[PDB]
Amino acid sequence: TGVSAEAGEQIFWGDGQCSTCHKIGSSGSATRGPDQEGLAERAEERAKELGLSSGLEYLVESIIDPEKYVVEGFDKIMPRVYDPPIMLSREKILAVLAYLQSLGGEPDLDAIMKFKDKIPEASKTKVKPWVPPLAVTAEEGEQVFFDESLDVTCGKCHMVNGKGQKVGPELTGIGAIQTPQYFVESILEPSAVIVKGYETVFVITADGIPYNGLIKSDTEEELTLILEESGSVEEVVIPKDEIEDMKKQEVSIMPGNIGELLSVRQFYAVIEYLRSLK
């Protein structure tokens, strides 16, 4: 579809997967990454703060090296879209850059094209194929994911295609977005990266009762928390009028010892299942 902001718009809201994490004002609803309304202008300020030549160069760096600068309030979750699974082509990345420039600025085709030699080509990815050290299948991993007899059951907290229970983020489609390495880290180091909005809050009530958990819903009268203990969850409804203090914490309620609770085979099977969620 060429290199234009119009082509980039289709890619941002399509095969680039950008809109699975980013919204643009009232367009879209994803909150995993920052709202990109006004991105063109704040890229200019990012560039000045980071010593880059231009806002456009900051946009390029944000795609090719997402870890290099981490926007305040977020964790290192953005994938390299030129790598698997997304495998976004170089022309499509150039198009996306034109679209990003149109978010409060002017697309500059000549300037974008000069960064072509900095964009890795998806077909030339250096990522090695993912080969588990045992024969496992996605179907085997699906069974593990929903197995209530294990000491951890992913389906107690994660929904996939309408099955499971909504505590953490729905995992439908995540295999089209994230890497196996991200799945490994998410399972074995769950608080290393916290999906935005799924932070644990520490609550103290006026009667001095502590409640530590994930906010399920936040209304004018009531705060509903999900508390976790040893892989089990429970809800508490706390009247807003009784809340003395609330502090967000950079920790996840996803159990921190899953490496002790899954076998090698169950672990690699569940990763194959996640990879398969396209």
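Heads up: residue numbers just count along the shown sequence, starting at 1.
Chemist: Quick one: say whether 162 to 170 or 180 to 188 has the higher mean Cα B-factor in the deposited entry.
Modeler: 162 to 170 has the higher mean C-alpha B-factor.
Chemist: When the C-alpha temperature factors are averaged for each of 128 to 136 and 81 to 89, which stretch ends up with the higher value in the entry?
Modeler: Mean C-alpha B-factor is greater for 128 to 136.
Chemist: Looking at 243, 233, 60, 253, which has the biggest Cα B factor in the entry?
Modeler: Highest CA B-factor of the listed options: 243.
Chemist: Could you place residue 70 in the lowest, middle or highest third of its chain by Cα temperature factor, using the values in the record?
Modeler: Answer is middle: the recorded C-alpha B-factor places it there.
Chemist: Considering only modelled residues of the same chain, in which third does the CA B-factor of residue 3 rank: lowest, middle or highest?
Modeler: Its C-alpha B-factor, which the entry lists for residue 3, ranks in the highest third among residues of this chain.
Chemist: Could you look up the Cα B-factor of residue 107 in the entry and say which third of the chain it sits in: lowest, middle or highest?
Modeler: It falls in the middle third of the chain.
Chemist: Grab the CA temperature factor for residue 27 from the record and place it in the lowest, middle or highest third of its chain.
Modeler: Ranked within chain, residue 27 CA B lands in the middle tercile.
Chemist: Just say lowest, middle or highest third for the CA B-factor of residue 203 relative to the other modelled residues in its chain.
Modeler: It belongs to the middle third of the chain when residues are ordered by C-alpha B-factor.
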